[PDB]
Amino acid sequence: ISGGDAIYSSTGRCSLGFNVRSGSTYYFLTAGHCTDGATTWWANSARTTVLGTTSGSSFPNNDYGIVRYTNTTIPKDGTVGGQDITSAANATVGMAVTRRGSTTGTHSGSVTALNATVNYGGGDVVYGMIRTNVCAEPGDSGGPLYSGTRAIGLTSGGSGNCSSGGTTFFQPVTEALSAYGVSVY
């Protein structure tokens, strides 16, 4: 399984962000709004292939979560679909980026602004977000935003869709990496 693939919790479906590790312990990052109140994660809608269990969740304010792999045999590729990821970097205005999600697949665009505040309502406000002109649709949450072989962010949300176009905000992946002491590979 790799970045962009579907992941299922007891509640719904999100996308795997990036496979990461600390020492010999493997995890995957995804959106905090997906890990919030989720315990177990599966690789399929049938819930027959277990992935692991939630180890951390940060939402709102931030939008990242981490799941510890408990499935010993499933391949944990350090890629986004076929794309190798070799490091993480900070987004910059004008940067060409690409997102992969379980609903819409792969779409590209540019970073249009940094440190944006997104209000999802009900007191669910997230800060320090990357703004882009990349579209995203339900199911794409937590999917990776990358640029070449560099990991940039995790899909959080926004408006519009892929047909009409839209604005999607991403959580900087560097912040999640630091919080959990993990790294891409």
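Start at 1 with the first residue shown and count on from there.
field: Comparing 89-97 with 72-80, the one whose average Cα B-factor in the PDB entry is higher
entry: Stretch with the higher mean C-alpha B-factor: 72-80.
- prompt: Do the C-alpha atoms of 134-142 or of 120-128 have the higher average B factor in the entry?
  reply: Result: 120-128.
message: According to the Cα B-factor stored in this entry, which of the following is highest: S147, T48, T30, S156?
response: Top of the list by C-alpha B-factor: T48.
query: Per the entry, which of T174, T11, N19, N161 tops the list for Cα B factor?
result: Comparing C-alpha B-factors across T174, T11, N19, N161, the top value belongs to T11.
- request: Among all modelled residues of this chain, ranked by Cα B factor, put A43 in the bottom, middle or top third, i.e. lowest, middle or highest.
  value: Tercile = middle for this residue's CA B-factor.
task: Among all modelled residues of this chain, ranked by Cα B factor, put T106 in the bottom, middle or top third, i.e. lowest, middle or highest.
output: It falls in the bottom third of the chain.
query: Going by the entry, which third of its chain does the Cα temperature factor of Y26 land in?
result: Highest third of the chain for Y26's C-alpha B-factor.
query: What third of its chain's C-alpha B-factors does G56 belong to: lowest, middle or highest?
result: Ranked within chain, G56 CA B lands in the middle tercile.
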